[PDB]
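As given, the protein sequences belong to chains I and J, one line each in that order.
Residue numbering for the first sequence is 57 to 112, as defined by PDB author numbering.
Residue numbering for the second sequence is 112 to 196, as defined by PDB author numbering.
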Amino acid sequence: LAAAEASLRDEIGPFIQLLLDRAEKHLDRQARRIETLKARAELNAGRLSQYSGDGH
Amino acid sequence: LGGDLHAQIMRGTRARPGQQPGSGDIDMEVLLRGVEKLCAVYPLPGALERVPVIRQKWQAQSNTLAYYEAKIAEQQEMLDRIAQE
């Protein structure tokens, strides 16, 4: 399996570039999710402050 | 081409490409499984290595994303509490 997968998977070398692109897109997807999470956090803070000011 | 399990996880991936604007990790869980299968049989060192390293980063970041989602839920709960009061 050592030399076997070496020669085989090296010939598969073009296919793996798409897998790299997959992982990179996964990272970008969760990055945008982190941006949305930050938007939600800041939204909760600002809205809670506004409600506090309305009731204070 | 395309592996059988690679095709299965890819089926789920293509079934949910961008239907998650904000969340910790839901579809990313099956993507974690996909990279697990990948690294179990993935080639090309150097380029490879960073994928399982970043996979471990994604696992730690998955726990951190769960913390961010739970804390955002706590912020929303406090907001609902102040609004109710």
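Quick reminder that beta carbons are idealized off the backbone N, C-alpha and C, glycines included.
Would residue i count as contacting chain J if we go by Cβ distances under 9 Å?
i       : result
I/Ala60 : no
Which one of the options has the shortest CA to CA distance from residue i?
i        : options                                   : result
I/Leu64  : J/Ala177, J/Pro154 and J/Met121           : J/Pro154
I/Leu104 : J/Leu112, J/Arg192 and J/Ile165           : J/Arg192
J/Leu176 : J/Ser134, J/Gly145 and J/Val164           : J/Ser134
I/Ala95  : J/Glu180, J/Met121 and J/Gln130           : J/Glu180
J/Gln131 : I/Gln86, I/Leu75, I/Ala101 and I/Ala60    : I/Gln86
J/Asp138 : J/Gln195, J/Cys150, J/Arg125 and J/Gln167 : J/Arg125
I/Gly69  : J/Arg144, J/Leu190 and J/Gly113           : J/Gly113
Counting only C-beta atoms, is residue i closer than 9 Å to chain I at any point?
i        : result
J/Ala118 : no
J/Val162 : yes
J/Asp136 : yes
J/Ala171 : no
J/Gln167 : no
J/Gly129 : yes
J/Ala126 : no
J/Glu180 : yes
J/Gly133 : yes
Span of the alpha helix (DSSP H) holding residue i?
i        : result
J/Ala151 : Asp138 to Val152
I/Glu61  : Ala58 to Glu67
J/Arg166 : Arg161 to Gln195
J/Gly123 : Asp115 to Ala126
I/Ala101 : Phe71 to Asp110
Chain-ordered residues of the region 66–86 of chain I with a beta carbon less than 8 Å from chain J = Within the region 66–86 of chain I, contact with chain J at the beta-carbon level (separation under 8 Å) is assigned to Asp66, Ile68, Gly69, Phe71, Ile72, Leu75, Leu76, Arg78, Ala79, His82, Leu83, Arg85 and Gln86.
Could you please tell me which residues of the region 89–101 of chain I, in chain order, have their CB closer than 7 Å to any CB of chain J?
-> Under the 7 Å Cβ criterion, the region 89–101 of chain I contributes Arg89, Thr92, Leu93, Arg96, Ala97, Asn100 and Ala101.
Positions along the region 139–160 of chain J whose CB lies within less than 8 Å of some CB in chain I | Contacts with chain I (Cβ-Cβ distance below 8 Å) from the region 139–160 of chain J involve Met139, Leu142, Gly145, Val146, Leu149, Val152, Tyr153, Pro154, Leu155 and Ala158, listed in chain order.
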